[PDB]
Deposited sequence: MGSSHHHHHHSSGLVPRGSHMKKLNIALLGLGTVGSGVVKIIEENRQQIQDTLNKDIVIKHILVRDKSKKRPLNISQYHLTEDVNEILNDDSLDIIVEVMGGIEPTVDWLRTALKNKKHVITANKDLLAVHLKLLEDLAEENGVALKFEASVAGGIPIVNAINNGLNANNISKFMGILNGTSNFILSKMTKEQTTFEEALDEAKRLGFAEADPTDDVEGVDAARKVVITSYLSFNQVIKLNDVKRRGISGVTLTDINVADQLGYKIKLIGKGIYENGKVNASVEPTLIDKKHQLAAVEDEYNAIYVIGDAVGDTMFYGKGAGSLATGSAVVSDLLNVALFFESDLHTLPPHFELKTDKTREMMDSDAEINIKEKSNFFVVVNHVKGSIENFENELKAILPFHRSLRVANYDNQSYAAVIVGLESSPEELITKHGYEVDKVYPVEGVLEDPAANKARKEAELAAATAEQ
């Protein structure tokens, strides 16, 4: 009665080891409940000679990916290796050979997801990835960076101190660049833009600034103006074009994102249409990723014998920018600065100013068409920096 589901795993780090253990703990349940025996026939690793737990030595380990790609008995390839090259080519081959692919590859971007999704549909197999009317999303997409900002804000420390504390507590890696320079968040913006808008952008299309230049002063001045500072990954889909960014952003304290602290993440979604929504939760770990992979595996196993959007233009049943500008080497009183800004700015909804430091002021300006940075510079102010301002 029972049919074998022959799979192979590409990679055996923490995620791969987790997938194996999960399959093992549940094999009997999956057999007796779903009448499918999952066999892990091959596991690709980089070094087959290195010492591993006893359970791993039950399985056939190989260093040759072609052994897996040429094995016609295989039904599904599970990739947890990472990398673009050559990993993506491996997956293309799998798909072309009529193998279903489940991947938890963290380095895949929208270009890759698109090309694999099509190639899969083309070959009549599934592609499961473990990374409408949506017009805009804003997210806190990197735990470490958010942890650091939370620590600076709550404990009144410098970025440097907060970063060291994050290293000490395990949140930050020894080289934290990917987190603190916003690269990880930018990758997630690419992926989220693909899933939200069905549009492919490149990583380098995401305008990116990290948090390493955020200071306690920025935090406390924002605070006094009614804002928190978060690293926000943002995508706006206007007139056929996605505008994507990651950068330090002031968020009104009453906005739902303002409350998202420490290593928690959140994605705030805005639509045509319906009211706003948000999903909040911590970054997924190895066990949860492994768990998703096996879920996807069981789902595809019921794919045994589309890229469709439902159009909702039955909906006929019925975008300014804000900025935080820091100027230094000023030049007279805060009232004078305020007055000069009122004279020079194009039309806008509101303007507030505050003391920032010695001969330094900040302004929050709501409702401009565009950054006033150049304009303020041309009027003889040294602009330290400009952060976008979000929420209401």
Exercise for the section: Note down, first to last, the deposited-sequence stretches for which the model contains no C-alpha atom. Expected result: 1-19, 151-168, 343-348, 362-372, 447-468
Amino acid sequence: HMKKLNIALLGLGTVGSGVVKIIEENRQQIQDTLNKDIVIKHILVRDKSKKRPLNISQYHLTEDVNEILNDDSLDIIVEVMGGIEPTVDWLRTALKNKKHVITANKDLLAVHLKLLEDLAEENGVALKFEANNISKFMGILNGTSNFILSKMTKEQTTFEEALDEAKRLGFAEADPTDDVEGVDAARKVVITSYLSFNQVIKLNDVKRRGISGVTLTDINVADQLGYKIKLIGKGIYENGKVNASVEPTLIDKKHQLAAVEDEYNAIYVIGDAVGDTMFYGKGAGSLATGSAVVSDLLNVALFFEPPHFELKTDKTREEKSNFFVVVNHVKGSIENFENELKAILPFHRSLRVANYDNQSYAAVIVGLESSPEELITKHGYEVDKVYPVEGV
From here on, numbers count along this sequence of modelled residues.
Exercise for the section: State which stretch shows the higher mean Cα B factor in the entry: 219-227 or 239-247. Expected result: 239-247
Practice task
Determine, for stretches 282-290 and 262-270, which one has the higher mean CA B-factor as deposited.
Solution key: 282-290
Practice task
Select one of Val190, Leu311, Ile211, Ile140: the residue whose C-alpha shows the highest B-factor in the crystal structure entry.
Solution key: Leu311
Problem - Peak C-alpha temperature factor (PDB record), options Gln256, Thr153, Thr158, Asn132 - result: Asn132
Completion exercise
Here the Cα B-factor of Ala301, set against its chain, lands in the third termed highest
Handout entry: Ranked C-alpha temperature factor of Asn322 among modelled chain residues, by third
Key = lowest
Exercise for the section: Tell me, lowest, middle or highest third: where does the Cα B factor of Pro372 rank within its chain? Expected result: lowest
Exercise for the section: Could you look up the Cα B-factor of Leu119 in the entry and say which third of the chain it sits in: lowest, middle or highest? Expected result: highest
Exercise for the section: For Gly13, return the chain-relative third of its C-alpha B-factor as stated in the PDB record: lowest, middle or highest. Expected result: highest
